[PDB]
Amino acid sequence: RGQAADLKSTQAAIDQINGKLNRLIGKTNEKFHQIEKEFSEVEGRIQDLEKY
Amino acid sequence: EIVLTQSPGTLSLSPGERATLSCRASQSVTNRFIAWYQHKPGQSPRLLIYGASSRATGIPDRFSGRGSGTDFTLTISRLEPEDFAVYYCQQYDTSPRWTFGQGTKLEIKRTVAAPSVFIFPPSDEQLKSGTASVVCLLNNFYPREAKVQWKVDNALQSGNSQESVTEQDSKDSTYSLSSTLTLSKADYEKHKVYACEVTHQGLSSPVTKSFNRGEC
Amino acid sequence: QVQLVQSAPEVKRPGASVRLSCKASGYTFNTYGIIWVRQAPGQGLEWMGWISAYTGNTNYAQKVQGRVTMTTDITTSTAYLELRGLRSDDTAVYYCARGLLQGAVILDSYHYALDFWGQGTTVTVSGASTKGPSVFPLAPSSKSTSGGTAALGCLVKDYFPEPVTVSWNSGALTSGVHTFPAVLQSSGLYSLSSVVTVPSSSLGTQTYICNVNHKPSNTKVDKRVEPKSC
Amino acid sequence: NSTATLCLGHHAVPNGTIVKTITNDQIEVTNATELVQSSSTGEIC
Ligand SMILES: *[C@@H]1O[C@H](CO)[C@@H](O)[C@H](O)[C@H]1NC(C)=O
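Chains as they are written, first to last, in the working numbering: chain A, 227 to 278; chain B, 57 to 272; chain C, -15 to 214; chain D, 4 to 48.
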């Protein structure tokens, strides 16, 4: 009895996984100035809209 | 392909100043790729910044990388003499492919210096061979921008000369240039006046060095 | 430590084939690929191709797809680049940096970049015959050439192929010595000029001789530099 | 003489566009159409 590994298939599947990972982790969304979600008081109308 | 364009192509900056190098991508690429490399003259290229902002092992913390999408920048602070080199920028295609950058040259250190101009007439032995070479030398001049025009009997000569320049001298950070005029022996004998004219930023008036054939 | 040792400098005739070797030490060879990038004279780095040690897969640049064949050898961690149909534009310095990790999933971008680089091998392709240099002196000019500065030099002309090593007075003179980069003449033979600045007074006192070595031709020529007198 | 052979194949083209499956950022295809309009005549109807 003996054991050996097929390198080509392993690396093909790993390459697919690598491309998937590259398409997810790398991206960065740049956003500077926004609305405020923390409200100190009760302001009625405008608070409800932006919270929604 | 994904062509990369490097902004400013040549940058001059005194030691101890921050420097910003720009790499502009034709198409948007994830920050995962687009690493930054250093090439020192006569030496194998080195990796400075891998990924987008990560610092490679053994790289001084003064080096920093940043950027997104089309625009990527490399920032160097507290510029030291080790840093002066050419810098390159590259990325990766899914099928392994690595488009590089044109090259930004960090020729730096200042103090405008006037060139010292000398002219060397052809030797007699070279004349025996049948080819004549006139050599005009510019020594210890900064900046590297200089213009040399060849004048034979007050006649401009184009296409019959070649030029060679040394790198930055470590001691004084100055350049040196050599212009060689190649002619046949008969053409050399046909004229009596030979001169090279040098125009430089340091020289307010262009400086011309000349010799007369058969007269030392 | 992780180290990459390349092959030796080579000279080839146009239309021939050249093989280049790259050897890896320290890191496990099968895990990372070997990527070849070249620098033509006065040109930026140019990618050529990628070979894997895990898989046999190869990817080549479009400009050299037909002419390039790349191979790998597990024993002992040696990558070979063969370029056929050599052309004058192929004169360049070829580097072999370590490539992508072909053994496992990849999250660090360190493996997605070239990190450890070899010294590089210079390949010069030209039809010129190997030729020893001819040394013609550049004489100190009359009128002292300047009040206190005297310039003298040696012209190294019609030599093929590089390199040449030039020393002045057997290494005694190391101050003010400038050796300009060679230029490729139209004839195809490289030419170079070396000059040095010495005090005007010392022209009589010291004899100045330039030493030129051309190992490929096995020719060494020493020429005395003196002011011409009439 | 005796014994023949039958092969089974798919078409291809010299010029094909590039598309992005989930796994591969670059995979070539025979013919494709864009889904985003990006050019305008500059006139109102
Ligand atoms: C391929 O098809 C595109 C789409 O019409 C066209 O623009 C291009 O010129 C064609 N040829 C090549 C070599 O891409």
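We treat Cβ as the ideally placed atom computed from N, Cα and C, and that holds for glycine.
Neighbourhood of residue i by C-beta, 8 Å cutoff - its chain only, sequence neighbours within 5 removed
i: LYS263 (chain A); result: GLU276 and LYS277
i: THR155 (chain B); result: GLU57, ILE58, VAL59, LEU60, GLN146, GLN147 and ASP149
i: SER63 (chain B); result: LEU77, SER78, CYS79, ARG80 and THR160
i: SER72 (chain C); result: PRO(-2), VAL109 and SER110
i: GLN224 (chain B); result: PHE140, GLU163, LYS165, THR230 and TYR231
i: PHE197 (chain B); result: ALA169, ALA170, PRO171, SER172, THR230, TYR231, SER232, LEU233, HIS256 and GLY258
i: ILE261 (chain A); result: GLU276
Any non-hydrogen atom of ligand 1 closer than 7 Å to residue i Cβ
i: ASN18 (chain D); result: yes
Sequence-distant residues of the same chain with beta carbon closer than 6 Å to residue i, five excluded per side
i: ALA134 (chain C); result: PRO124, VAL182, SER184 and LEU187
i: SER229 (chain B); result: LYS165
i: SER151 (chain C); result: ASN195
i: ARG111 (chain B); result: none
i: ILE240 (chain A); result: none
i: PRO177 (chain B); result: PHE267
i: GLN273 (chain A); result: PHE265
i: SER120 (chain B); result: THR131
i: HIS247 (chain B); result: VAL208 and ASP209
i: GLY160 (chain C); result: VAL180 and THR181
i: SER70 (chain B); result: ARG166
Residues bridged to residue i [DSSP beta-bridge criterion]
i: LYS115 (chain C); result: C:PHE144
i: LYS207 (chain B); result: B:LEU212 and B:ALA251
i: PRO183 (chain C); result: C:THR133
i: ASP57 (chain C); result: C:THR62
i: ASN197 (chain C); result: C:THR149 and C:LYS204
i: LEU239 (chain B); result: B:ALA188
i: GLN23 (chain C); result: C:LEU29 and C:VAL77
i: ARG153 (chain B); result: B:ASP149
i: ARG3 (chain C); result: C:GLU66
i: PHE140 (chain B); result: Paired residue(s): none; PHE140 (chain B) is not in a bridge.
i: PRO121 (chain C); result: C:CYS138
i: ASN268 (chain B); result: B:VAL249 and B:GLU271
i: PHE128 (chain B); result: B:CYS79 and B:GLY123
i: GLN218 (chain B); result: B:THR236
Per-residue DSSP class, three states only, for residue i
i: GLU73 (chain B); result: coil
i: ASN43 (chain C); result: strand
i: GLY123 (chain B); result: strand
i: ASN14 (chain C); result: helix
i: residue 106 (chain D); result: The first residue shown for chain D is 4 and the last is 48, placing residue 106 (chain D) beyond what the model contains.
i: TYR94 (chain C); result: coil
i: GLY83 (chain C); result: strand
i: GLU30 (chain C); result: strand
i: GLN182 (chain B); result: helix
i: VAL89 (chain C); result: coil
i: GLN242 (chain A); result: helix
i: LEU259 (chain B); result: coil
i: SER172 (chain B); result: strand
i: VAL268 (chain A); result: coil
i: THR36 (chain D); result: coil
i: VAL(-14) (chain C); result: coil
i: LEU168 (chain C); result: strand
i: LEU162 (chain B); result: coil
i: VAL16 (chain D); result: coil
i: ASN196 (chain B); result: strand
i: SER175 (chain C); result: strand
i: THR108 (chain C); result: strand
i: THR158 (chain C); result: coil
i: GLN237 (chain A); result: helix
i: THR163 (chain C); result: strand
i: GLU(-6) (chain C); result: strand
i: residue 303 (chain C); result: Nothing can be reported for residue 303 (chain C), as the shown portion of chain C is limited to -15 through 214.
i: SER9 (chain C); result: strand
i: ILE58 (chain B); result: coil
i: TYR231 (chain B); result: strand
Close-in-space but distant-in-sequence residues of the same chain around residue i (CB under 7 Å, 5 per side omitted)
i: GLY123 (chain B); result: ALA108 and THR129
i: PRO(-7) (chain C); result: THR105 and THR106
i: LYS(-4) (chain C); result: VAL2, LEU70, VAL107 and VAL109
Exercise. Listed from N- to C-terminal order along the chain, which residues in the region 54 to 77 of chain C have their beta-carbon within a distance smaller than 7 Å of any beta-carbon of chain E?
Worked result: Chain labels in this structure do not include chain E; the protein chains are A, B, C and D.
Exercise. Could you give the uninterrupted runs of the beta strand (DSSP E) lying entirely in the region 60 to 120 of chain B, keeping only those of 3 residues or more?
Worked result: 60 to 63, 75 to 81, 91 to 95 and 102 to 106
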